[PDB]
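Just so it is clear: in the sequence shown, position 118 is 123 by the working numbering, and no numbers are missing.
Okay, structure first, notes after.
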Amino acid sequence: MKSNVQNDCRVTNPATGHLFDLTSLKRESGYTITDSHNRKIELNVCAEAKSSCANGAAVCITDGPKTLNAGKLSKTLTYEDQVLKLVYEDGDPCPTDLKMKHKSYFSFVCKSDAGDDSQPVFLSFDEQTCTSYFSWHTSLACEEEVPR
């Protein structure tokens, strides 16, 4: 489908035959959830954040009033294990490992109901390796089951 098309942000998975887009779910501001502890995960499904961080940060972990860039805008969709994968990397280097950047893997998984307007869950945030894994339940993500 296509609601807000930031350039593209779509991949046709040859294994499914369905085109996965995240244009339908993206909105200019961003989406909101809560982090592992207190913090607000303010990220956009495949676009840049409006107020969630600043501009080019797609995934930003808002600790109070302090925005932690978890990953830059990566509107590149990949497919793996029947789940839609977007890798939002290139962010604020953590004190745990300064020699690499924050690796935030977002897994977009299709669910028939998808919750209260395609809601995500923080899967695991591993500051130990400065990675973040989140799972978003959305109908545009994949199609192993009918999420419509």
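Note that the Cβ used here is the ideal one computed from N, Cα and C, for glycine as well.
Straight-line CA distance for residue i to residue j?
| i | j | result |
| --- | --- | --- |
| residue 45 | residue 73 | 10 Å |
| residue 30 | residue 112 | 14 Å |
| residue 123 | residue 14 | 17 Å |
| residue 120 | residue 92 | 23 Å |
| residue 20 | residue 148 | 10 Å |
| residue 11 | residue 26 | 11 Å |
| residue 39 | residue 131 | 15 Å |
| residue 60 | residue 110 | 19 Å |
| residue 24 | residue 98 | 34 Å |
| residue 22 | residue 70 | 43 Å |
| residue 87 | residue 153 | 16 Å |
| residue 35 | residue 51 | 9 Å |
Would residue i pass as a contact of residue j if the rule is Cβ separation under 9 Å?
| i | j | result |
| --- | --- | --- |
| residue 126 | residue 140 | yes |
| residue 76 | residue 94 | yes |
| residue 115 | residue 143 | yes |
| residue 68 | residue 43 | yes |
| residue 57 | residue 37 | yes |
| residue 107 | residue 137 | yes |
| residue 103 | residue 16 | no |
If distances are taken between C-alpha atoms only, which option among the options comes closest to residue i?
| i | options | result |
| --- | --- | --- |
| residue 105 | 84, 113, 78, 135 | 135 |
| residue 41 | 66, 59, 86 | 66 |
| residue 117 | 100, 145, 101, 99 | 145 |
| residue 101 | 23, 35, 133 | 133 |
Between residue i and the rest of its own chain, which residues show a CB-CB distance below 8 Å, the 5 nearest in sequence each way excluded?
| i | result |
| --- | --- |
| residue 62 | 53, 54, 72, 74, 75, 76, 77, 78, 96 |
Report all residues from its chain with a CB closer than 6 Å to the CB of residue i; omit the five preceding and five following residues, and keep chain order.
| i | result |
| --- | --- |
| residue 28 | 7, 8, 9, 10, 14 |
| residue 163 | Nothing about residue 163 can be reported from this structure: the residues present for the chain run from 6 to 153 only. |
| residue 33 | 55 |
| residue 64 | 48, 75, 76, 93, 109 |
Please tell me whether residue i has its Cβ less than 9 Å away from any Cβ of chain B.
| i | result |
| --- | --- |
| residue 127 | The question asks about chain B, but that chain is absent: this structure has only one protein chain. |
_Report the start-end ranges of each beta strand (DSSP E) in the stretch 20 to 81 that is 3 residues or longer and not cut off at the edges._
Uninterrupted beta strand (DSSP E) stretches at least 3 residues long and entirely within the stretch 20 to 81 occur at 23 to 26, 36 to 39, 45 to 48, 62 to 68, 71 to 77, given in chain order.
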